[PDB]
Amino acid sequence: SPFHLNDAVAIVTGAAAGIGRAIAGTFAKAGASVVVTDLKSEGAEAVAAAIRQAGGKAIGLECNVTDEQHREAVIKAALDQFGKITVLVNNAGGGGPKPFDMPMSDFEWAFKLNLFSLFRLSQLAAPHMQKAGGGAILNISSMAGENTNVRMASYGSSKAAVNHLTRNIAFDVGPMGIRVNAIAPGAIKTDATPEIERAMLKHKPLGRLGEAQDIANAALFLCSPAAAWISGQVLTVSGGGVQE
């Protein structure tokens, strides 16, 4: 099997819940050593701990991906505790529908949060990846990056920039043996009601919502050697459609 993460150190940000938590769990059971990360320090340690009492190796620390000190702490915490870095999964980000006349800081924040942070983490992890022979970067985008709609000024165009950064920086980091891709996930069952759900699926050909595990398998594939030759790709994982 090439879908395993043997001898790998993976940093996973925003991993207290949902996708990033499943990516972190999934990357551990594939035999990677995980550095769980989140804005909320309790949540990072909850997931890093449950990973350990289930067999894997994992530490969890607080990280505000927009704080340059918090970023450098994660890089160092991973090297200090595991020796190398081979996988960076940039799952931290946020935002959503805002009016066009939104205050400028709202617009600028979306780019600090969704783009400036993960570019910088990649800039830090890249030379350590290079020393370890190579590695894989994965950015969790959003479907608003390739769609067009109302109230999407900051969200949809900051996630668009994530997509195009991914397509471009793979040229920069390929020579160093780094692959860079992105998943754009559909809507995931979280709620942690039936009629507003049945309407959401009116445009999802496969007829169900997503599971965090569904994103984690794609994250797995894209970060394993099974995807040794895939870089610069934006893979949409949404049951064939769009929602909400």
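Start at 1 with the first residue shown and count on from there.
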Unmodelled stretch of the deposited sequence separating residue 192 from residue 193, binned as none, 1 to 3, 4 to 9 or 10 or more: 4 to 9
Segment of higher mean CA temperature factor, 200-208 or 41-49: 200-208
Mean Cα B-factor comparison, 71-79 or 106-114, giving the higher one as deposited: 71-79
Given 184, 187, 35, 216, the residue at which the Cα B factor reaches its maximum: 35
Deposited CA B-factor, highest of 131, 167, 120, 98: 131
Position of residue 84 among the chain's modelled residues by C-alpha B-factor, lowest, middle or highest third: highest
Residue 145 by Cα B-factor - lowest, middle or highest third of the modelled chain: middle
Entry-reported Cα temperature factor of residue 22, expressed as the chain third it lands in: lowest
Chain-relative CA temperature factor third for residue 9: highest
